[PDB]
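Only one chain comes next, encoded as structure tokens, the form solved without ligand THG.
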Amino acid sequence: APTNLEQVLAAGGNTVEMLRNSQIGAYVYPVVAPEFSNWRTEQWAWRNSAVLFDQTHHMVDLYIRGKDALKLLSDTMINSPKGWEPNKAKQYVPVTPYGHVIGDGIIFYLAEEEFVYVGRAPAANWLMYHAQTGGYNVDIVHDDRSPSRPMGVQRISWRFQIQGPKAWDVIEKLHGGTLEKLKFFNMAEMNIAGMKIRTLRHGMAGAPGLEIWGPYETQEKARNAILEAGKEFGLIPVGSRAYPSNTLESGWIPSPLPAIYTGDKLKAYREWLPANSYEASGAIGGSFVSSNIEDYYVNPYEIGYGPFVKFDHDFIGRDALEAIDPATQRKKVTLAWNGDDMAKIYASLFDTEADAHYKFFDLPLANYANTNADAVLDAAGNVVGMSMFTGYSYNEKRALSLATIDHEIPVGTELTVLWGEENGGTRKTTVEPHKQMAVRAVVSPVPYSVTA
């Protein structure tokens, strides 16, 4: 019966209970093979040789064109539009009128009146709603992410990254000569196998690399040229199992809850969002329990986007962000999970006498919902933060999670993350029956580096 989010929530009871018991299944990264060699060697290669990341299938693309394209972005992003010219990209972050993050994505300024958004569904849905209902003179082509269980896939564009300490060597070999390293997120072009390929300056683990894209038809020509040229430097392709664990080392939180489930000013959006949207159908997992869905919201300062906020243009939520004191907001950190506790979690899987075991911690990514929310506790047992993305780095031989915690907690402090859900687990299909564990974890910098 329901055809929009507002109807789903009205018929669904408590919104937190609905989402924490959703029957959707796992947030999937589709089409790309799980592994090409193995996820451990693939993780190792982005720190020690070079990798080809295949980004063609897991993200939504919005092609945004027309006279009002830039005004649509400016009106909805915290980011400064001043001085923004073609061939520069931005990490677009929209907030609600209440100041909470909806999502984020990369917005490429390709040419005058021509932009592309690449990212997850929530910020794309927001852009489409405002383009639709706000009277902007704009034209949008929506190209959804590929189906997460296709079983018998095409996009408008392919998108790759070449990364690692040897990435620039591979890139210049492909180019046929020296390639200037522009400033981060500046765009230009390079040669691959006779094609002019547009580039986006990128990098990771302290080494510069590129994102590259083009029309879907040249995808295999490009890929084979990259793999061929990269053999000299140890370049290997990375599969969908390893790929999303990279952000545990980077620090980008992919999955803040879209903060759109409450609020009178957001009712029109909820009536617009379909009942099978990401927002209506997805799931929340982890140990943090509140009866108020707003307790799962974050604002930009809490997850590392404070420096993007610029009060130099009108935008949705500007007044709410101006009223925030940035100096007292929770801060994004990396939590380094205690390895003895990790061994205890895995050991319980092989205990034939125990009534229960600890929640299964998949590797290298242990998330078991689309939005992750584990409680972070201090020595006294107070909730002091929210852990939001969890997994393991073969490079560090450490389990790690990305969290937002009370600002006055120093690096090096040992907190605990409550791992697992209450009462044997929610009804999500990703959750086997289990008991919880308070995992010791050391507050560490973001991007991750070893602490104490």
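Residues carry their position along the shown sequence, with the first being 1. Note that the rigid core is defined as the largest set of C-alphas that superpose within 1.5 Å between two forms.
Higher-deviation stretch (C-alpha RMS, rigid core fit) in 5 other deposited structures of this protein, choosing from 292 to 300 and 143 to 151: The stretch that sits farther from the shown form in 5 other deposited structures of this protein is 143 to 151.
Count class of deposited residues lacking coordinates, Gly152 to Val153: Count of unmodelled residues in between: 1 to 3.
Mean temperature factor over C-alpha atoms, higher-scoring stretch between 351 to 359 and 266 to 274: Higher of the two, by average CA B-factor, is 351 to 359.
Between 61 to 69 and 395 to 403 (mean CA B-factor, as deposited), the higher: Per the PDB record, 61 to 69.
Which of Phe36, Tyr29, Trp44, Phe389 ranks first by CA B-factor in the deposited coordinates: The record points to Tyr29.
Peak C-alpha temperature factor (PDB record), options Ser74, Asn137, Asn367, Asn125: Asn137 has the highest C-alpha B-factor of those listed.
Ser49 - Cα temperature factor, lowest/middle/highest third of chain: Its C-alpha B-factor belongs to the lowest third of this chain's values.
For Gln436, the third of its chain into which the C-alpha B factor falls: It belongs to the middle third of the chain when residues are ordered by C-alpha B-factor.
Ranked against its chain, the third holding the CA B-factor of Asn21: For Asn21, whose C-alpha B-factor we compare with every modelled residue in the chain, the answer is the middle third.
Third of the chain, ranked by Cα B-factor, where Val8 sits: Its C-alpha B-factor, which the entry lists for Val8, ranks in the middle third among residues of this chain.
Third of chain Cα B-factors occupied by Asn246: According to the entry, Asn246 has a C-alpha B-factor in the chain's middle third.
Keep in mind that the form deposited with ligand THG bound is not shown, yet the notes after this line are about it.
4.5 Å heavy atom contact, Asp341 to ligand THG in the deposited bound form: Judged by the heavy-atom cut-off of 4.5 Å, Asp341 is well away from ligand THG in the deposited bound form.
Contact test in the deposited bound form: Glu211 vs ligand THG, heavy atoms, 4.5 Å: Output for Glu211 is yes: heavy atoms within 4.5 Å of ligand THG.
Proximity of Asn299 to ligand THG in the deposited bound form, heavy atoms at 4.5 Å: Heavy-atom contact with ligand THG at 4.5 Å: absent for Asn299.
Non-hydrogen atom contact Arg330 with ligand THG in the deposited bound form at 4.5 angstroms: So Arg330 does not count as contacting ligand THG.
Among the candidates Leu415, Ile405, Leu400, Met59, the residue which, in the deposited bound form, approaches ligand THG to within 4.5 Å (heavy atoms): By the 4.5 Å criterion, the partner-contacting residue is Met59.
Ligand THG: the contacting residue among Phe233, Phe184, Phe360, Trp272 in the deposited bound form [heavy atom, 4.5 Å]: Going through each option in turn, the one that passes is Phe184.
Contact segment among 104 to 112, 378 to 386, 286 to 294, 319 to 327, judged by heavy atoms lying within 4.5 Å of ligand THG in the deposited bound form: Answer to the contact question: 104 to 112.
Residues within 4.5 Å of ligand THG in the deposited bound form, restricted to 148 to 178 and counted by heavy atom: Residues within 4.5 Å: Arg159, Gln161.
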